[PDB]
Amino acid sequence: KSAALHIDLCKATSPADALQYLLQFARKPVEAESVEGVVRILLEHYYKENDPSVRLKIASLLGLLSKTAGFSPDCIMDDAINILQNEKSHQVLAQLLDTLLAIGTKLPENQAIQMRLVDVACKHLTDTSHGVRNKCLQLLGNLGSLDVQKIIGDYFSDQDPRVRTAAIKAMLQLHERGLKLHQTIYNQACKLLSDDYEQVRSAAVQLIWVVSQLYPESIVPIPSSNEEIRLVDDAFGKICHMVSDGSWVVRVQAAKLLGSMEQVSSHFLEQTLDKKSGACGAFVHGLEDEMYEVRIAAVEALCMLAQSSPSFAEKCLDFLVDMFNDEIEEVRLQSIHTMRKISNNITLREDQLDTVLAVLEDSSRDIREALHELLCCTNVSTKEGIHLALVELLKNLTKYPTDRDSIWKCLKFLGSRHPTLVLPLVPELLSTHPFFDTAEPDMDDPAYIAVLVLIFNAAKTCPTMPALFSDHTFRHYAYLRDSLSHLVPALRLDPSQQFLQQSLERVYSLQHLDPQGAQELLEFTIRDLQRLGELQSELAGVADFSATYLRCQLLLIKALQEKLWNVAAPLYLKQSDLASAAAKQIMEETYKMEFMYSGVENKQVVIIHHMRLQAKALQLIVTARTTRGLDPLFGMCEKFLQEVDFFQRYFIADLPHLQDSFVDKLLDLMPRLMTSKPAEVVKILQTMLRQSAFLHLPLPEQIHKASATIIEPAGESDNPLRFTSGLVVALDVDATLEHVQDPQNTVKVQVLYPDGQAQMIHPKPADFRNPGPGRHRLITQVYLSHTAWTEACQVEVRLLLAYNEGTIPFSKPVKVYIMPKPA
Amino acid sequence: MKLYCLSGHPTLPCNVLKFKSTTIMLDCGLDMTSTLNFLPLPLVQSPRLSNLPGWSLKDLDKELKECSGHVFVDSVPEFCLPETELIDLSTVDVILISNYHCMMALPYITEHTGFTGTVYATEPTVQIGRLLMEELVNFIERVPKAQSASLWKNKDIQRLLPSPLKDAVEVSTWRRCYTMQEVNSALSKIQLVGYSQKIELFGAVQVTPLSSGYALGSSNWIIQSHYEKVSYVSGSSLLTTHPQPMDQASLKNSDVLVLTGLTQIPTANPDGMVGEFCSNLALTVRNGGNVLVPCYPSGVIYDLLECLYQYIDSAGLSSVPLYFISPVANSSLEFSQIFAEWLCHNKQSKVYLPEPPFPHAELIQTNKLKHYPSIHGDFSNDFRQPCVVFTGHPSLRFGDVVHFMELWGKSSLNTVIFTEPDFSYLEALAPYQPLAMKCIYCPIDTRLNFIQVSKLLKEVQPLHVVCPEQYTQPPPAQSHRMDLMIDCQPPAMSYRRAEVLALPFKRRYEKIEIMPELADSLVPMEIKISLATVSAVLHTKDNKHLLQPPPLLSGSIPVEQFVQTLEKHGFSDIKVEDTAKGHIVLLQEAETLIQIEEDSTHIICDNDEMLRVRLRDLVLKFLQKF
């Protein structure tokens with residue numbers, strides 16, 4: 001409020017109470033139109049106030065207010081610049097410069113305002129306070145014609161190091177805005193690389209990278225030697241020298257920018273790996289530091305440089321594969337990813353492959369999957385390495401069953417690339433005795449099945465492989481080509497949509513039938529749509545959506561036929577009635593179509609809400625059939641009418657599409673329903689429900705059901721989880737979620753113990769992973785605890801979707817046995 | 001000269017001093033007591049807490065829950081941050097961390113507030129703080145709860161709520177727990193500093209951490225600008241603790257001594273309370289009951305563990321297990337072990353011969369102490385009923401302590417023993433009040449009490465003392481103990497939350513260096529004391545001033561000496577005019593004139609230029625520049 005703030009600031013004591021009131025006021029937001037009055041009052045009190053802290057807080061607040069919504073601050077910058085000119089204290093001046101920066105950023109399209117702002121920034125740029133100069137340089141960086149570079153460049157020699165950092169950052173931000181910096185900035189920045197403060201050096205190396213990228217082919221002469229050198233190579237040398245900097249943050253920055261440049265000459269690129277232009281052994285020293293962050297930056301830099309230069313990649317192969325022995329987890333993941341990235345330009349050596357194999361023993365899931373992808377993309381030159389890879393993969397097959405899938409796929413890709421290396425190893429692996437018919441291996445053994453996958457993907461390119469197959473090898477091939485055609489390759493040894501549309505048109509056209517005929521037609525079509533959803537995968541969403549809508553309609557007409565079977569209210573029988581159950585079922589199904597499906601445009605949401613309104617009317621009528629109280633009847637009646645009014649308000653643009661609908665005819669006789677008796681309202685509601693027309697459901701172009709599959713607990717063949725009495729047992733849950741746009745806020749995990757108690761769990765976003773589009777992966781732990789049990793019962797664990805309150809199940813329930821034995 | 005106090009909590013301060021050209025943040029602090037207004041986070045959804053009756057008002061109901069009269073919030077616990085909007089934290093150049101307890105809230109400052117400065121702390125403080133944020137984030141995100149509760153924060157609604165919820169302050173500024181990405185980002189902006197290490201901040205001020213003796217890596221800071229020194233005394237201890245004792249000597253000659261981190265419950269002697277805690281748990285264990293000890297994983301747990309190791313052998317209770325459940329349990333034990341050079345002379349002498357410093361390694365070796373990462377792992381297999389468990393947050397709002405309180409709360413045999421004084425043990429215990437569990441409060445606070453700080457003040461003699469206003473008054477529980485006060489010869493000015501103190505320590509005479517080349521050209525004189533004149537060019541670099549080589553005069557020239565001495569030093573035809581309180585001397589060559597006033601002289605030239613310089617130089621025979 002304006003006058004309230006004015007009088008409160010007037011009556012409050014100057015030093016502390018006014019500061020507290022301003023602190024309270026700053027938190028609560030202010031409407032855009034009222035900003036002018038409150039900032040005028042704040043300016044008036046700024047003039048009145050003598051305390052520096054209160055004026056500082058006023059400046060900070062009235063800078064905050066300039067960011068509020070689409071408020072136009074072009075009317076509040078003359079008084080702002082005036083008070084800035086009149087301000088004496090340094091904190092208040094710096095805060096006012098911050099406010100001016102906020103106003104300028106709020107109006108970037110305004111030119112004259114920005115020229116005034118940069119002029120006044122230049123005016124206060126000579127203040128003795130480093131903060132004032134920092135804010136002035138920030139103004140010059142964010143705002144500036146694109147002279148300003150010279151003005152900012154003058155402060156590369158400022159005595160305060162943080163003013164120097166501010167100037168370099170201002171020049172960098174000017175470059176980012178689109179300005180083309182001058183080559184003269186290079187020599188100024190070069191002097192700053194020897195500064196005694198790490199922030200100045202970091203900003204200077206950033207600026208030197210920028211200027212080298214701007215003028216790479218320009219020639220810079222060496223001071224002592226009479227040698228003409230390109231600017232990019234000189235900058236490469238300067239940054240390489242910075243990889244030996246004492247501070248690790250400067251080293252990280254140097255490695256990153258060294259990665260970012262690719263215009264450098266070949267010999268300079270080769271120099272950073274040789275032992276013994278001060279760029280000799282730059283990556284050698286930058287790959288073996290104590291800090292892991294600089295090593296990650298150097299690894300990524302090696303990735304970019306090797307992608308730009310395959311000849312460089314050949315030299316980088318041994319250095320990068322030696323890095324695999326590094327025992328920092330993120331370091332080795334990044335090394336894996338970079339090695340996979342440069343995989344197209346390289347081929348591993350014998351001893352390098354021996355090195356990486358000797359330290360290939362991985363435990364965690366993420367590192368193992370990364371290695372699988374690397375081996376998918378890898379290139380090797382020795383078959384002995386292929387044998388060792390097979391040995392390690394079968395060890396990781398017997399060790400981790402859940403790794404079988406990715407190792408089968410891995411070997412599928414490994415053989416397709418290396419058929420020549422697998423050809424000697426084929427009789428080494430098939431155990432084909434020369435002069436004996438060998439025993440037929442177990443066709444269910446995953447290791448053996450992966451040996452066949454490898455040997456068959458290799459055989460695709462290799463005529464000579466079909467020869468060395470044994471008889472059972474041919475038999476086994478014929479099976480896995482049919483059963484696993486996505487892994488095994490072939491060797492050298494629409495009506496659904498039309499039916500859906502036809503069925504829906506058949507339902508829509510035949511709405512003049514008698515109730516028995518109408519409901520049997522609906523049952524036929526619902527069964528047909530359910531079966532079509534079962535058959536087709538892509539049309540499962542559409543079929544289930546339409547079948548849910550038709551089931552809602554079928555329940556509605558069945559309930560109305562029950563109402564026709566119903567008689568006068570005091571004779572109503574609860575046990576034989578199923579209309580209330582029908583209304584509840586339509587409620588839950590409408591929620592299901594709203595939330596448990598994707599690709600739902602508003603044209604379907606209006607129909608879902610219309611069916612919801614029909615269900616609410618049905619529930620109201622059924623309740624009226626029973627209740628003898630008049631006050632609750634009036635309450636539910638006016639609640640339903642309010643719901644109708646809200647529906648009309650929200651979907652006002654969609655009413656012409658709802659001709660002859662329940663809500664349309666309801667809105668026709670709106671005030672009469674408003675002023676009628678509850679019994680009369682119930683009667684006309686019943687008659688209008690019965691005479692309502694079935695609304696067509698406009699199908700979306702793309703729609704998929706939200707599905708989930710719990711896979712980690714699996715069947716109950718496992719032994720019960722013991723020793724849980726009183727304490728907790730953690731059950732690891734893995735699940736694949738299909739077509740859930742916002743699973744984190746909606747997916748929940750429900751646990752049902754064998755008693756009536758039910759637990760509801762809200763997984764954190766970190767549990768959810770997104771390996772693909774519309775296909776999530778949920779990994780988490782759900783904690784279970786209960787008292788001691790005489791016998792090992794089973795607890796049901798299910799995934800639910802939540803909507804806004806209320807929840808609906810959308811996953812198949814699984815059960816696991818727990819034996820909380822006491823001790 | 002200025003001091004912005006961003007937190008009213010005494011033992012969790014957050015003070016920024018705009019002193020010289022740098023604004024230095026002293027500690028961060030996280031007022032964890034706001035969590036006591038919220039319903040506890042259980043590891044497994046309990047039937048008691050879920051079925052609690054909602055609170056009734058004329059209007060909401062699902063946000064607030066009532067348990068045994070007290071009214072709580074059915075939402076994720078929130079933490080009261082220091083006032084971040086009072087001063088733009090982008091202007092903060094340096095943050096100094098004293099303790100790992102004061103290390104919390106640092107992710108908020110570093111990430112959300114646009115702070116681009118530096119953080120300085122000692123390595124044990126950094127490691128233990130990392131463990132604390134690890135376990136806090138683990139507890140909060142273990143079984144996440146929504147933040148649906150926002151109506152009760154309204155200004156006009158909070159007034160009608162009962163006392164614990166009505167008296168909460170800065171409720172709108174409360175925030176949920178920081179994520180682990182923010183923790184990792186924040187600890188990346190830290191510089192490790194050892195004790196007595198002189199860190200220069202932009203060539204302006206020098207900061208050194210000095211050992212406080214309160215905890216591992218606990219440090220007091222002294223900021224000085226070569227003439228004015230500001231001492232920051234955080235939580236410190238003068239007892240026989242493991243860390244090296246307080247470095248009281250370095251706090252002398254302090255213009256301002258900002259003083260925080262004084263003990264809560266000053267009437268308690270920590271040795272007696274440790275003995276009482278041991279005796280109580282021994283009594284409970286002897287009767288077959290269990291013992292629950294809510295504690296931090298790395299704080300006072302080690303001292304009471306040592307005392308328990310000594311006590312059980314005489315008490316004949318070696319059979320019972322000593323469980324320590326926390327996600328950072330093994331990390332806490334290992335970090336406590338390896339920081340051997342950060343100990344006192346008695347315990348750091350264990351590095352000469354091969355022996356770990358702390359004795360709980362022997363507890364582990366004899367399988368007396370058993371540390372676990374959680375309840376669901378090997379703990380549920382190795383659990384024996386008559387046991388003692390150190391776990392969970394002392395706030396009793398998250399961690400395994402919630403599960404153990406819900407488990408053992410129904411029996412009178414079991415006991416819960418509170419040792420951390422930073423949480424009101426009646427208020428933390430509020431969401432479980434109808435329990436039959438035996439609740440014992442024997443807090444162990446080794447921090448400075450008011451007698452100790454009075455003695456330290458008389459030893460140090462600071463010119464001005466800054467402390468929270470809570471220490472300038474007796475505690476409200478007593479309200480009549482004049483001994484529980486900070487008594488100083490100066491009034492010892494104080495502060496409250498979001499108060500700005502204008503310190504009177506503004507002084508002149510900043511230091512400057514003069515190089516030998518210019519000192520060769522500088523020559524002194526004699527006065528009544530030595531004095532010289534300097535004309536040079538000033539060169540400033542990194543807030544260090546250097547004097548590079550490129551009106552007033554004083555002396556004794558009375559009227560009698562003026563007339564007599566210089567009468568015939570080279571000129572002639574000189575007359576004296578009988579002027580009052582002086583004499584006027586002028587020459588007939590061109591009416592050149594010399595006039596003297598009281599303690600002053602000046603030379604007049606009339607149509608003459610060549611003789612004027614020599615006229616001035618003649619008077620300069622005995623005129624200095626004093």
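Residues numbered from 1 in each chain as written, not as in the entry; some residues may be left out. Chains lettered and ligands numbered in written order. Part of a larger assembly, values for the part shown. Heavy atoms only, no water. Residues with missing side-chain atoms left out of burial classes, pairs and counts.

Per the deposited record, determination of this structure is attributed to cryo-EM, with the resolution reported as 3.1 Å.

J.: Describe the overall build of chain B, and please don't skip the residues or the numbers.
T.: Broken down by element type, chain B carries 18 helices and 35 strands. For 626 residues, the compact-globule formula gives about 25 Å, and the C-alpha radius of gyration of chain B, at 34 Å, lies well above that figure. Along the first, second and third principal axes, the C-alpha atoms of chain B reach 120 × 70 × 45 Å. (Helix = DSSP H or I, 4+ residues; strand = E, 2+ residues; numbered from the N terminus. Rg over C-alpha atoms; globule rule 2.2 N^0.38 Å.)

J.: An account of a negative patch on the surface is requested, with residue identities and associated values reported.
T.: There is a patch of like negative charges on the surface, built from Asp322, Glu350, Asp351 and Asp354 of chain A. Residue placement: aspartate 354 of chain A occurs in helix α20 (residues 350–358). (Patch = residues over 30% accessible without salt bridge, like charges linked within 9 Å, V, L, I, M, F, W, Y side chains within 5 Å. Areas by Shrake-Rupley, 256 points an atom, 1.4 Å probe, with all protein chains shown as cover. Salt bridge = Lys/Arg side-chain N within 4 Å of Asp/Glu carboxyl O. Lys, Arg positive; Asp, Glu negative; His and termini not counted. Charge placed at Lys NZ, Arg CZ, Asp CG, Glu CD.)

J.: Describe the interface of chain A and chain B, with residues and values.
T.: Taken together, the contacts link 43 residues of chain A with 41 residues of chain B. Of all the secondary structure elements, the ones that give two or more residues to the side of chain A that touches chain B are α2 (17–27), α4 (52–64), α6 (90–106), α10 (161–177), α12 (198–214), β5 (728–738), β7 (758–761) and β9 (775–785) of chain A. Each residue belonging to the side of chain A that touches chain B can be placed in one class, and the counts come to 18 nonpolar, 15 polar and 10 charged. (Contact = heavy atoms within 4.5 Å. Nonpolar A, V, L, I, M, F, W, Y, C, P; charged D, E, K, R; others polar.)

J.: Mind laying out the sheet that holds strand β25 (residues 513–514) of chain B, listing which residues take part and the relevant values?
T.: Residues and elements named next belong to chain B. Taken in spatial order, the three strands of this open sheet run β25-β29-β28, and their pairing is mixed. The strands lining the two open edges of the sheet, one partner per strand, are β25 and β28 (537–541). In terms of strand pairing, β25 meets strand β29 (residues 544–548) through two bridges, oriented parallel. Looking at the pairing, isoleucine 514 lines up with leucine 547 of β29. (Pairing = 2+ DSSP bridges.)

J.: Describe helix α30 (residues 540–565) of chain A, listing the residues and the values that go with them.
T.: Counted at 1.5 Å a residue, the expected span for α30 of chain A with its 26 residues is 38 Å, and the 36 Å between its end C-alpha atoms agrees. Of all the 26 residues making up α30 of chain A, 22 are buried; the element is thus mostly covered by neighbouring parts of the structure. (Expected span 1.5 Å × (residues − 1). Buried < 20%, exposed > 50% of the residue type's maximum accessible area, 1.4 Å probe, protein only.)

J.: Could you give an account of the sheet that holds strand β31 (residues 574–577) of chain B, with specific residues and numbers?
T.: Residues and elements named next belong to chain B. The strand order across the open sheet built from four strands is β31-β32-β33-β34, with neighbouring strands paired in antiparallel fashion. Since the sheet does not close on itself, it has two edges, and those belong to β31 and β34 (600–604), each with one partner. In this sheet, neighbouring strand axes are inclined to one another by 20° on average, regardless of whether the strands run parallel or antiparallel. (Axes fitted to C-alpha atoms, helices over the stretch in contact; angles between N-to-C directions.)

J.: Just give me the short version of the pairing of strand β3 (residues 22–26) of chain B, but keep the residues and values in it.
T.: Residue and element names in this part refer to chain B. Of all five residues in β3, five are buried, a share of seventy percent or more. Of the two faces of β3, both are covered, the one formed by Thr22, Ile24 and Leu26 as well as the one formed by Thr23 and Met25. Relative to β3, strand β2 (residues 15–19) runs antiparallel, the two being bridged by five bridges. Among the inter-strand pairings, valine 16 is bridged to a residue of β3, identified as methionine 25. Hairpin geometry of β2 and β3 is characterised by an intervening segment of two residues between the two adjacent antiparallel strands and by a positive phi of about 65° at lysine 20. Note that β3 and strand β7 (residues 94–96) share three bridges and pair parallel. Along β7, the bridge assignment pairs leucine 26 with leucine 96.

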